[PDB]
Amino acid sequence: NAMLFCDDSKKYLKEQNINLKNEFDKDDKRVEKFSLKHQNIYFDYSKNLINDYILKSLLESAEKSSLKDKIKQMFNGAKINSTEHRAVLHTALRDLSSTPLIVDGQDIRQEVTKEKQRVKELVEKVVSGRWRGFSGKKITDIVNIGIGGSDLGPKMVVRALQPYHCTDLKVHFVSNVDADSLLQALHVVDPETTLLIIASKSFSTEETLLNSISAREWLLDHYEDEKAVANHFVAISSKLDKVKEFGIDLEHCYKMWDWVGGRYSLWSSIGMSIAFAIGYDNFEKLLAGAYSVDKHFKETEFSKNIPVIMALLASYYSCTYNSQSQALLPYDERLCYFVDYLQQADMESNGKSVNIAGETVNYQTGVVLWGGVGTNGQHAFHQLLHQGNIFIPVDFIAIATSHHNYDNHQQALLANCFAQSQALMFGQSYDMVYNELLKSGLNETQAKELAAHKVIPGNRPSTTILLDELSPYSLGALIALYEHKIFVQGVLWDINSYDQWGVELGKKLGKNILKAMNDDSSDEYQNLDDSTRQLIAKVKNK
């Protein structure tokens, strides 16, 4: 009996026929109305296909929804992951309020703080040289072994904060079961000077276990002494019984809690590899930026609340325009893994077909998130954003100042970012193009033949999120904005953003296929569909 977000009312808001050029021409307060600031982040949503009526209508839907309650329930540790009967407490990982929070018999404040102190001590011991490898050498390289939630956040953040690397350690990420992943790391590191991290919430993920067994075999091939495992492996998991069973002791294990979703886990001990690159002080700054956004989200009325606006715009488009993707365009090289990271956060959360009650919903839920770094994307796929006939909401991320003094490059980067959003809004008409072609020296027949092909329809929406700089703090804030957008979207759609049951079937079928690949007289092999069977046969013959 949850409020329906995607209803007939939303579908009709579209009939306002918003014309962006016309709104900016006539409304001298358009930017003031449709922008927000949070500390060093400027959120400009003024190039979206909205006016006062449309926005106020969307805000009224949020107000009428359960969102106000759900926000409190998330922060207070209510079991809002309702299919798994778990709290959803990635916010607690970065808390600076110190308000009382007792969940599942644990003092969450004490739990979080204590594990942070342990990670901090580990990083300090390793960087200072007090931790030595088994042959007594100082560690020079860190290898994280993990996949999905146990890989993407650390990998993305270590890249994004490259200018802040300061530990004299090189950090490597092994993830895919494809052994190329492991081998890219092992080919450039020395077993005597490498600390390996097995990062797995479940400690049962096939790829991570295979990779960890292979890494252990490599280490033991070198040392020929099982005691070497003590100086070269640590583990991050919620299943410490399984870590012990693997052969790593509890003093070498760093716990995470069931209420830390993998795709919201970089803030936890899974972030260890981040601290190994940029130091623990910078890790605390990352956390503190996220906290600032948590406080904003929890405390701010919806009309001035950045994640709530982000969520309403996105769900409005995918409802009323029936769009099936969103483009995210980060105009900074350092954010090269940001789209990949948010693909997991967004699509693994909101790619759900049933509501909280288990009923199949008759409205579309999460859409495809894609994009690419600017300005490169301008030369790859912005052609489609400008002249294709697919409706695609666009977010630009701009960074005002970079880490170097090539000011001309930085100015051009930003000019391009702002030009792309301006181009989406304005387009260029047939008459404008035709006149330009004449002025360029084409005759009338040539101008008439070409002009239609150069018309850019325009009136296409964008949001620009401008950061003062890409620091640990501002990056933490930026990621949290999207975490909360995703949350708000799932609440409005009445889905569970925090489970991921859809991946189970593939895991099961993968085990059966491995059996079939090893024994064609097996029941597994006989029960395959013939496409799978013939794919297995084609691999065997090669």
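Residues carry their position along the shown sequence, with the first being 1.
Asks: Going by the average Cα B-factor in the PDB entry, point out whether 445-453 or 412-420 comes out higher.
Replies: The deposited B-factors put 445-453 ahead on the C-alpha mean.
Asks: Please compare 36-44 with 471-479 and name the stretch with the higher mean C-alpha B-factor in the deposited structure.
Replies: Averaging CA B-factors over each stretch, the winner is 36-44.
Asks: Can you tell me which of 284, 251, 333, 207 has the maximum CA B-factor listed in the PDB entry?
Replies: Highest C-alpha B-factor among the listed residues goes to 251.
Asks: Just say lowest, middle or highest third for the CA B-factor of residue 26 relative to the other modelled residues in its chain.
Replies: For residue 26, the deposited C-alpha B-factor lands in the highest third.
Asks: Pull the Cα B-factor of residue 19 out of the PDB entry and bin it into the chain's lowest, middle or highest third.
Replies: As the PDB entry reports it, the C-alpha B-factor of residue 19 lands in the highest third of its chain.
Asks: Name the third of the chain's ranked CA B-factors that contains residue 255, choosing lowest, middle or highest.
Replies: According to the entry, residue 255 has a C-alpha B-factor in the chain's highest third.
Asks: When the modelled residues of the chain are sorted by Cα temperature factor, does residue 342 land in the lowest, middle or highest third?
Replies: Ranked within chain, residue 342 CA B lands in the middle tercile.
Asks: Lowest, middle or highest third: which one holds residue 292 when the chain's residues are ordered by CA B-factor from the entry?
Replies: Ranked within chain, residue 292 CA B lands in the lowest tercile.
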